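Enquirer: So that we are looking at the same thing, I have put the structure below in structure tokens.
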Amino acid sequence: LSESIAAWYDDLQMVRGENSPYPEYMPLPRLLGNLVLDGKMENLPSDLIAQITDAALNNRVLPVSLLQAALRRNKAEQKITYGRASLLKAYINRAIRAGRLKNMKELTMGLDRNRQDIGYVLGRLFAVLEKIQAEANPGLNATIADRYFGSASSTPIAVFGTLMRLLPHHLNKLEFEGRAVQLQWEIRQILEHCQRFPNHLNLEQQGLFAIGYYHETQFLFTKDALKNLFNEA
Amino acid sequence: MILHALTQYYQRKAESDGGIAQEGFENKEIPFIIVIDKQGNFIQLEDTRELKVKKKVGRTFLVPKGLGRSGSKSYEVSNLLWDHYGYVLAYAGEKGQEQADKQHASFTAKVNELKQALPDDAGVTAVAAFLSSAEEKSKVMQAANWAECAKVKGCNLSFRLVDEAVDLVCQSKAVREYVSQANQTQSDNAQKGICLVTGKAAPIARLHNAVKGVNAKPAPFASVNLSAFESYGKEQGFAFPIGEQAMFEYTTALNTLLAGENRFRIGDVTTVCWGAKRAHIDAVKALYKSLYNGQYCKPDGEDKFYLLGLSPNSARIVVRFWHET
Amino acid sequence: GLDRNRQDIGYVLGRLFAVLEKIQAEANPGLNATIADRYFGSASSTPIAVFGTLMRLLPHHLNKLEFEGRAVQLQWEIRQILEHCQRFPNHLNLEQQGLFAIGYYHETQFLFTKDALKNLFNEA
Amino acid sequence: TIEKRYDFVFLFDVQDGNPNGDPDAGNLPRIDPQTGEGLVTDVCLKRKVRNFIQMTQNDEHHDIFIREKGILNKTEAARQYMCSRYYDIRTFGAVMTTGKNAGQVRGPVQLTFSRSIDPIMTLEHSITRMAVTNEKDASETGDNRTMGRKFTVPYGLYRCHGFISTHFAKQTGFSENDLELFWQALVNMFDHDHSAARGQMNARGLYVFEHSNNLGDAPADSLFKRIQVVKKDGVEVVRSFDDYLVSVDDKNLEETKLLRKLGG
Amino acid sequence: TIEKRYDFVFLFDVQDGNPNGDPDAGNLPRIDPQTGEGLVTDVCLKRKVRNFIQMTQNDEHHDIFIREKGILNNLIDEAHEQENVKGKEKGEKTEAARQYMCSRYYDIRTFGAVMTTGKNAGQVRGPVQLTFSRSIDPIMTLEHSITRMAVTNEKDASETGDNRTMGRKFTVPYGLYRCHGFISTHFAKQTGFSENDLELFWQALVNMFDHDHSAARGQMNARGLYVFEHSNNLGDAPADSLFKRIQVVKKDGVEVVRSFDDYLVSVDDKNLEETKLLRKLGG
Amino acid sequence: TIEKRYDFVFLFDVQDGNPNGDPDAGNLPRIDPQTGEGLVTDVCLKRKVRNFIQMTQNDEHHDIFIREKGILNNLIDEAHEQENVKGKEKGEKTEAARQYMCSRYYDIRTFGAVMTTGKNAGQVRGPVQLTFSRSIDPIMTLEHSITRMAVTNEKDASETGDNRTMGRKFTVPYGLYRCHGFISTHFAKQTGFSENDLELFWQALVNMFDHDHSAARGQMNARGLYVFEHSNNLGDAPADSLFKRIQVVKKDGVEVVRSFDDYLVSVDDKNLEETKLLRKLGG
Amino acid sequence: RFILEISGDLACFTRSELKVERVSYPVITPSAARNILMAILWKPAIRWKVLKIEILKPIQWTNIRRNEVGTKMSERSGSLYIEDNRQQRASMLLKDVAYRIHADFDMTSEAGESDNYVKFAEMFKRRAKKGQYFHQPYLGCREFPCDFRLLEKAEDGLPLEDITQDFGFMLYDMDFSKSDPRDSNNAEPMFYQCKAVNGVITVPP
DNA sequence: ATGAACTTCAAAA
DNA sequence: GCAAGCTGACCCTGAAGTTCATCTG
């Protein structure tokens with residue numbers, strides 16, 4: 001029975017950037033508390049917290065209500081931190097582990113720069129844009145994530161059509177040109193896999209969007225990583 | 001195998017000696033404990049709380065099994081030695097008079113019949129004369145820490161005699177035999193079989209016991225009431241042919257599992273877990289040690305047995321987890 | 001991940017804008033902002049208000065470059081990219097507006113490499 | 001009294017709103033945890049039929065008994081009387097305690113938890129209200145605003161399978177008039193029972209198979225596999241009924257069976 | 001009371017601004033993440049109708065309840081101080097209080113609220129039930145942001161000079177939403193919805209966006225209102241067909257939509273002449 | 001207070017310069033990415049009206065709040081030191097402070113702000129509500145950049161005296177934007193918006209761009225102001241029709257626009273003089 | 001031996017121990033299969049009994065809670081009012097389940113003059129082959145369908161191949177011996193099965 | 001005499 | 001200039017003993 005716990009916690013590991021107050025293994029109550037609105041009192045105890053851990057502790061396919069509530073909370077909090085990223089992959093990686101989903105494959109704990117899926121590369125692009133906005137202005141009031149995450153994790157053209165014109169000015173506002181060049185290099189390397197911007201993203205692709213977003217975000221929070229990758233340009 | 005596996009697990013944990021109920025007892029959390037001497041005389045109002053961040057209702061003690069009150073004329077139940085705060089001193093901060101005095105009358109009648117049915121003990125006589133003295137019960141309210149048991153409701157009160165200071169009035173080797181016989185001879189003269197989880201005889205356990213820990217109130221696990229909850233007109237309780245020697249066991253197992261180290265809720269649902277010991281799972285119950293270390297390994301000793309992730313509501317217990325793997 | 005035969009107008013428009021941005025970046029090292037840092041905000045919406053000026057300015061950038069062979073390669077790439085442009089539309093659709101950025105970043109990633117443009121031109 | 005077997009496949013849809021939420025998980029529409037397809041309990045269909053009957057009758061021998069407070073406020077002889085003086089009893093049955101078979105009036109009608117075809121997308125719209133309720137900790141002296149929570153689906157096409165016999169109709173009284181009333185309900189009962197949470201929801205199909213004999217002449221599995229309601233070619237996500245392809249298979253039931261298209 | 005059943009389809013357009021902003025995504029318009037089509041909840045239209053009725057009426061038997069200075073418990077305690085004090089049996093006192101609240105408060109018959117607080121008094125369903133709105137052509141998101149030279153609270157943003165907090169205020173380039181609404185008969189008989197109340201409700205519908213406006217919502221008005229009336233409590237035709245009659249499609253050449261000329265509207269009323277009547281109010 | 005409803009359409013033209021800037025685009029004009037049409041937010045017009053009123057009035061009962069050196073908490077603490085100290089019940093003290101702020105500060109009745117900081121005091125909606133602006137003909141972007149021989153901080157310059165930081169200042173070749181604004185009645189009664197305040201607001205509207213100017217915004221003025229006045233709180237006609245009456249189209253032969261002669265304006269005021277009046281101020 | 005294919009999309013075999021919170025058995029209840037066989041064809045001269053049950057689809061729990069009632073139905077109270085009789089009663093449904101039952105039948109006490117074994121045999125055979133039935137079978141509850149089909153040997157695979165898990169004392173069949181016709185007062189004697197091979201093998205009393 | 005409404009039980013993480 | 005205040009929800013619906021009122025008895 002411990003094999004289910006092992007197969008649940010080996011994938012539970014995420015990227016986790018530097019100086020992050022989140023532990024390596026997120027507490028399961030605190031891990032599922034990211035699906036609630038605020039406090040752990042008024043949630044959804046049935047197809048969610050009353051079945052997620054059921055499918056977890058038995059190596060079973062996670063419910064789709066998990067993905068639904070995770071997308072709802074990503075639309076609510078407008079940012080997915082260490083709580084839903086370590087839980088959205090639980091549905092897709094387990095579905096591919098048993099064979100039931102579509103053509104996508106499993107996931108890892110790091111930032112995979114391949115995959116060639118139409119939803120993961122969009123999340124990577126969105127996280128790159130978010131970090132570009134963060135580096136352009138150290139302080140503000142609400143990130144472009146807090147402004148777009150409502151529907152950007154689903155509609156590529158509907159928001160990125162009015163968003164890809166913002167990172168040029170963001171890189172212009174950067175006081176260091178090398179940082180802008182490295183951000184351009186990484187966004188080009190990412191979008192090289194994106195074949196085209198579809199009309200929407202399927203339910204099986206929005207989770208990949210959020211996972212790639214969290215991956216690229218916590219990867220760009222590293223002390224030295226983007227420069228090391230840009231050294232081989 | 002809802003209560004069958006639970007009964008098998010209780011038959012494993014009971015014969016292991018690790019603080020568990022038996023025959024007709026239950027591990028209840030008694031807040032303030034009243035200590036007296038040999039003949040009434042209230043001499044101490046001790047409290048054994050201060051545990052977690054919230055002042056719980058004292059430590060756990062093996063008291064007689066609760067008969068299950070919750071009703072209009074609830075004083076007609078009259079438990080053995082442990083009950084409410086209106087059954088000892090006839091006090092009522094929000095319950096009111098009349099309704100609380102009859103509770104004290106029923107409780108003193110119960111202790112008097114227990115004394116006349118079991119004399120020569122130096123234990124039941126003290127609690128029997130304490131309620132028929134009419135001079136120490138009023139002194140109980142004028143104790144040292146009595147102003148604290150009134151701000152918190154649901155304060156259970158127990159009795160502890162002198163020359164012990166470790167065993168309650170319902171712990172000496174005397175009333176234990178009476179309680180064991182109550183669930184062996186008195187609680188066995190009813191409807192015949194057949195049982196539901198053991199397949200043997202056993203009387204039909206009418207009015208199932210209440211499980212404390214899931215909800216704020218002692219919420220019964222499986223209990224049929226109202227009217228439409230009947231199969232063939234069994235009328236409250238007889239719908240499930242469950243025996244006493246199994247219903248009591250599963251209720252006490254859920255009570256012990258809802259107050260120990262295995263009691264932890266992920267969110268509006270208490271997902272208690274256990275093992276077969278042939279427990280030492282250290283997997284599902286190890287979700288709250290200190291700072292979440294790495295105890296997951298592979299020693300080829302993964303015990304079987306499922307886990308019951310039940311949730312409260314109003315006063316019933318809803319089952320949602322069912323997976324042997 | 002690039003397809004020269006995409007048969008989409010937004011894709012080739014974005015790739016042309018990308019080659020123009022590469023031209024601007026290679027025109028001089030010391031630069032605070034390229035042409036894409038102000039023109040991409042409106043080229044994705046109204047490309048006629050950007051691409052005309054960019055093409056009219058391209059001769060000056062080619063004159064102030066550093067190697068004529070690179071300029072010939074880049075202008076040949078521009079030709080083979082915009083050959084699919086049948087007509088400059090009045091307004092760009094949002095799907096085409098997204099394909100614009102897709103092709104732009106694809107072409108920038110293809111150009112910013114090592115030996116790829118010359119290798120592709122070898123078969124011509 | 002009817003003497004024929006009826007098998008009706010009822011295709012209905014929810015455009016904007018909650019088709020059938022979950023009381024155990026707030027109010028999210030019932031979906032499948034594995035395949036993801038949406039679900040709608042037949043008890044909601046039964047309650048909507050009851051409400052439509054209460055709206056269209058309001059007379060003797062056609063009541064519902066199993067009603068609500070906010071909407072409408074020897075042995076076999078009494079059982080037959082109770083069956084005759086109500087419509088739901090002749091339709092869905094009764095649980096008369098003073099009965100014979102353990103107090104159980106079965107009934108010919110037997111519906112089915114209508115399962116959606118494609119996995120729907122539960123949209124959780126956490127709205128708000130500019131007015132508080134009881135004096136709670138969230139009702140400050142400055143502003144009285146509370147946050148809400150609604151559930152909807154862009155489109156959910158559910159398919160129920162109902163059966164109607166004749167032996168129980170001869171015992172209760174489900175004659176041809178009650179059958180026609182039940183058909184008129186099924187073809188138009190969502191339009192009479194609307195609300196804010198449920199939103200928009202209608203019926204798009206009701207294919208009925210009537211058998212010649214009083215027991216049948218074809219299995220129900222083949223009848224369910226005949227009416228094929230799938231998704232079109234160049235359609236990934238669905239928004240209305242124009243994206244579903246429904247095809248009947250009347251090329252093998254022309255023996256001793258009648259087909260009726262009361263819905264579409 | 002009314003005897004006829006009513007099913008109305010309301011097509012209303014917005015030129016600039018956010019019709020129904022989602023509290024979740026800060027201020028993002030409620031747009032379908034899988035098709036890009038805009039969605040407007042019915043609660044916004046109901047609140048606009050409430051505000052219009054409160055602004056126009058201001059008299060007895062035409063209540064709406066006040067804004068944020070209103071407490072439901074206080075209103076219930078005020079309603080429970082007439083003839084149904086205590087001597088009416090709580091099982092029948094709930095029904096009496098429900099009837100009194102439906103008769104005295106017009107908002108309850110229009111769009112009923114909750115009646116279960118400190119003192120329960122039943123529940124009202126209401127025959128008038130509105131549904132969510134949906135746009136045919138998938139609208140686009142602009143994500144327009146703005147700034148502010150003033151500072152709210154003295155937080156960490158209070159610099160030595162520039163005290164700016166930015167800001168977000170979304171808008172829609174164009175959106176023609178389509179809403180559906182139903183009015184029965186039995187609920188109107190139980191609550192007391194008569195013909196004058198029906199005319200007032202139609203007036204509030206046709207004058208909804210013509211009064212209530214703001215800055216974030218921008219310019220919003222109406223386009224059309226097609227009502228089908230059944231002369232009985234029975235439905236001789238499904239409402240889906242009536243909803244599919246008013247077909248609003250996009251332009252033949254233009255892919256996007258900007259005005260009423262882009263949205264081609266077609267009405268096929270060559271079958272609804274049996275026991276049903278068709279009426280037009282918005283256009 | 002006022003007893004009539006007002007709906008005004010303001011057409012204002014810009015010859016050169018950026019009317020409203022984009023926060024996340026350095027300085028790009030707010031132009032529709034899907035149609036190329038320019039959009040001007042209402043906050044810019046509201047702040048221009050505020051600046052005009054602050055420049056013209058400078059007296060009591062005509063406040064606007066200062067710029068840069070103003071703190072909302074300080075102003076709230078100053079407003080909470082009159083008769084509504086502490087003996088007014090917080091539930092009613094909020095309403096009293098709201099009424100006092102509406103009566104003493106004219107900016108609150110013009111364009112209200114926020115009142116929830118360290119000490120809450122309610123919230124003001126305000127009857128005057130302006131919407132976003134939109135241009136009919138799709139404007140073009142020039143992307144005009146400039147340079148500067150001076151250096152800000154000694155870190156971004158060159159290794160010698162050649163100090164240069166470049167710069168960007170966008171401009172529009174021509175843009176005739178159309179804005180919509182609404183003024184109700186009940187909110188004016190709750191706040192205190194009278195007829196003199198209405199005349200002052202109309203004067204500020206017609207003298208908006210005639211005073212406040214800068215370098216990045218360039219030359220901006222007005223063209224026309226068509227106001228519809230309803231003699232009651234009821235709307236006998238939808239505002240969409242009145243907005244579609246003032247039709248501003250492009251030239252018959254010229255594809256672009258550069259002056260007022262290119263924008264052909266047509267006013268069809270035939271069926272709208274029932275209970276409504278039409279007024280013209282800008283032209 | 002009569003082989004039947006009892007399939008369905010959902011199943012809720014309500015256990016007797018937890019009725020206020022409905023819980024489905026991991027497999028099909030023998031009493032449920034007997035009631036299915038009776039609803040297909042039954043007569044007071046033929047006693048239906050299940051012999052062998054083979055599972056064809058694995059367990060698939062889905063948490064579904066309904067707003068049920070707890071009040072009976074009588075002739076005195078002319079209404080019900082579900083506002084005061086609401087019960088949040090859960091029911092873990094079994095999504096996508098299919099079973100095959102190999103059963104037979106014997107005679108009763110009131111066999112009469114028409115108690116031919118071959119007659120009822122061929123009648124049940126033609127009913128299963130042509131989809132005829134007296135009452136629509138229920139898979140746990142009458143809220144679920146039963147698209148039955150006649151088979152001969154094995155026409156569907158089975159995942160339960162190795163030794164899975166036990167189920168405890170399950171509800172075999174009620175004791176109708178101590179009751180007159182039209183049951184009203186009877187107990188629920190539960191019994192064991194075998195182990196955890198391919199399915200559950202019912203043991204006759 | 002037994003189905004539906006009334007009243008007491010603990011004070012949730 | 002990483003936001004301001006603003007929540008993130010109403011109320012119940014339980015088990016069992018004690019009353020209310022209309023069915024054949």
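Labeling convention for the structure tokens: chains A, B, ... as they appear, residues from 1 per chain, ligands from 1 in order of appearance.
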Could you list, as a VMD selection string, every residue within 9 Å of residue 126 (chain D), counting only C-alpha atoms (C1' of nucleotides) and ignoring same-chain residues fewer than 4 positions away?

Expert: (chain A and resid 76) or (chain D and resid 147 to 151) or (chain E and resid 22 to 24) or (chain I and resid 8)

Enquirer: Just to be explicit: take each residue in the selection above, keep C-alpha atoms (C1' of nucleotides), and write the result as a short mmCIF file (atom, residue, chain, number, x, y, z; two decimals), in the first residue's frame.

Expert:
data_model
loop_
_atom_site.label_atom_id
_atom_site.label_comp_id
_atom_site.auth_asym_id
_atom_site.auth_seq_id
_atom_site.Cartn_x
_atom_site.Cartn_y
_atom_site.Cartn_z
CA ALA A 76 -9.54 33.24 -8.37
CA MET D 147 -19.18 37.05 -1.83
CA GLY D 148 -21.25 34.43 -3.62
CA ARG D 149 -20.77 31.26 -5.65
CA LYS D 150 -22.64 29.86 -8.66
CA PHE D 151 -22.03 26.93 -11.00
CA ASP E 22 -15.73 38.34 -12.37
CA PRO E 23 -14.69 38.90 -8.73
CA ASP E 24 -12.21 36.03 -9.15
"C1'" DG I 8 -14.53 33.97 -0.30
#

Enquirer: Identify all chain B residues at most 9 Å from chain H by counting only C-alpha atoms (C1' of nucleotides); ligands do not count. Present them as JSON, numbers by chain.

Expert: {"B": [69, 70, 71, 72, 73, 74, 152, 153, 154, 212, 213, 214, 215, 216, 217, 218, 227, 265, 266, 267, 268]}

Enquirer: Record the distance separating CA of residue 185 (chain E) and CA of residue 95 (chain E), expressed in Å with one decimal.

Expert: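 Distance between the two atoms: 19.0 Å.
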
Enquirer: As a VMD selection string, which residues of region 60-182 of chain G does DSSP assign to strand (DSSP E or B)?

Expert: chain G and resid 61 to 68 73 87 to 94 97 to 107 139 141 149 to 150 170 to 171

Enquirer: Return as a PyMOL selection string the residues belonging to chain I that are within 7 Å of chain G, counting only C-alpha atoms (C1' of nucleotides).

Expert: chain I and resi 13+22-23

Enquirer: Applying 10 Å and only C-alpha atoms (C1' of nucleotides), which residues near residue 135 (chain F) remain after dropping the ones on its own chain fewer than 5 positions away? List them as a PyMOL selection string.

Expert: chain F and resi 11-13+31-32+36-40+175-179+248

Enquirer: Kindly export the residues of the current selection with C-alpha atoms, as a PDB file, in the first residue's frame.

Expert:
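Ended up saving to again17.pdb:
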ATOM      1  CA  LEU F  11     -16.917  64.347 -29.752  1.00  0.00           C
ATOM      2  CA  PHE F  12     -13.370  65.648 -29.270  1.00  0.00           C
ATOM      3  CA  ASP F  13     -10.504  65.683 -31.764  1.00  0.00           C
ATOM      4  CA  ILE F  31      -5.555  51.573 -29.816  1.00  0.00           C
ATOM      5  CA  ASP F  32      -7.817  48.589 -30.475  1.00  0.00           C
ATOM      6  CA  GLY F  36      -6.985  49.738 -35.258  1.00  0.00           C
ATOM      7  CA  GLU F  37      -9.448  52.206 -33.720  1.00  0.00           C
ATOM      8  CA  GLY F  38      -8.259  54.495 -30.951  1.00  0.00           C
ATOM      9  CA  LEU F  39      -9.664  54.285 -27.432  1.00  0.00           C
ATOM     10  CA  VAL F  40      -9.456  56.960 -24.725  1.00  0.00           C
ATOM     11  CA  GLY F 175      -8.265  61.210 -33.999  1.00  0.00           C
ATOM     12  CA  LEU F 176     -11.905  62.151 -33.372  1.00  0.00           C
ATOM     13  CA  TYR F 177     -12.944  60.257 -30.244  1.00  0.00           C
ATOM     14  CA  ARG F 178     -16.530  59.914 -29.045  1.00  0.00           C
ATOM     15  CA  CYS F 179     -17.386  59.592 -25.350  1.00  0.00           C
ATOM     16  CA  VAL F 248     -19.852  60.384 -37.651  1.00  0.00           C
TER      17      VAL F 248
END

Enquirer: Kindly provide, as a PyMOL selection string, the residues of chain D having any atom no farther than 6 Å from an atom of chain G, counting only C-alpha atoms.

Expert: chain D and resi 24+65-69+95-97+100-102+111-112+215-221

Enquirer: Store the residues picked out above in a file with N, CA and C atoms, as a tab-separated table (two decimals), in the first residue's frame.

Expert:
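Result saved to selection_37.tsv:
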chain	number	residue	atom	x	y	z
D	24	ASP	N	-23.00	17.48	-1.80
D	24	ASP	CA	-21.83	17.07	-1.04
D	24	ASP	C	-20.58	17.86	-1.40
D	65	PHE	N	-48.94	14.57	-4.46
D	65	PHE	CA	-48.70	14.15	-3.08
D	65	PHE	C	-47.28	14.47	-2.65
D	66	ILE	N	-46.28	13.88	-3.31
D	66	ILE	CA	-44.88	14.19	-3.03
D	66	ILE	C	-44.58	15.59	-3.53
D	67	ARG	N	-45.03	16.60	-2.79
D	67	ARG	CA	-44.90	17.99	-3.19
D	67	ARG	C	-43.93	18.72	-2.26
D	68	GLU	N	-43.88	20.04	-2.40
D	68	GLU	CA	-43.00	20.89	-1.60
D	68	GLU	C	-43.83	21.96	-0.89
D	69	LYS	N	-43.17	22.67	0.03
D	69	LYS	CA	-43.84	23.75	0.74
D	69	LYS	C	-43.79	25.06	-0.04
D	95	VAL	N	-45.24	4.56	-1.61
D	95	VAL	CA	-44.72	3.75	-0.52
D	95	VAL	C	-45.75	3.73	0.60
D	96	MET	N	-46.97	3.30	0.27
D	96	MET	CA	-48.04	3.25	1.26
D	96	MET	C	-47.70	2.26	2.35
D	97	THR	N	-47.50	2.76	3.57
D	97	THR	CA	-47.13	1.90	4.69
D	97	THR	C	-48.18	0.82	4.92
D	100	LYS	N	-49.33	-4.08	0.90
D	100	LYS	CA	-49.17	-5.53	0.91
D	100	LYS	C	-47.70	-5.92	0.84
D	101	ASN	N	-47.10	-5.80	-0.34
D	101	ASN	CA	-45.71	-6.18	-0.54
D	101	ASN	C	-44.76	-5.28	0.23
D	102	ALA	N	-44.72	-5.44	1.56
D	102	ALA	CA	-43.88	-4.63	2.44
D	102	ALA	C	-44.17	-3.14	2.27
D	111	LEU	N	-36.91	5.72	-14.64
D	111	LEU	CA	-35.99	6.57	-15.39
D	111	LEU	C	-34.55	6.11	-15.24
D	112	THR	N	-33.60	7.02	-15.42
D	112	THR	CA	-32.18	6.69	-15.43
D	112	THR	C	-31.37	7.96	-15.23
D	215	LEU	N	-44.89	-7.46	-23.34
D	215	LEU	CA	-43.60	-7.72	-22.71
D	215	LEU	C	-42.42	-7.18	-23.51
D	216	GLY	N	-42.51	-7.14	-24.83
D	216	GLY	CA	-41.45	-6.63	-25.67
D	216	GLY	C	-41.20	-7.53	-26.86
D	217	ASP	N	-40.22	-7.13	-27.67
D	217	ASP	CA	-39.82	-7.90	-28.84
D	217	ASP	C	-38.40	-7.55	-29.27
D	218	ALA	N	-37.68	-6.82	-28.43
D	218	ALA	CA	-36.31	-6.43	-28.71
D	218	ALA	C	-35.65	-5.99	-27.41
D	219	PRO	N	-34.35	-6.25	-27.24
D	219	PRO	CA	-33.68	-5.85	-26.00
D	219	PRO	C	-33.48	-4.34	-25.94
D	220	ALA	N	-33.28	-3.86	-24.71
D	220	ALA	CA	-33.09	-2.43	-24.50
D	220	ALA	C	-31.70	-1.97	-24.89
D	221	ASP	N	-30.71	-2.86	-24.83
D	221	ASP	CA	-29.34	-2.49	-25.19
D	221	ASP	C	-29.26	-2.11	-26.67

Enquirer: Please identify every residue of chain C that has at least one atom no more than 12 Å from any atom of chain E, counting only C-alpha atoms, and report them as a ChimeraX atom specification.

Expert: /C:90-97
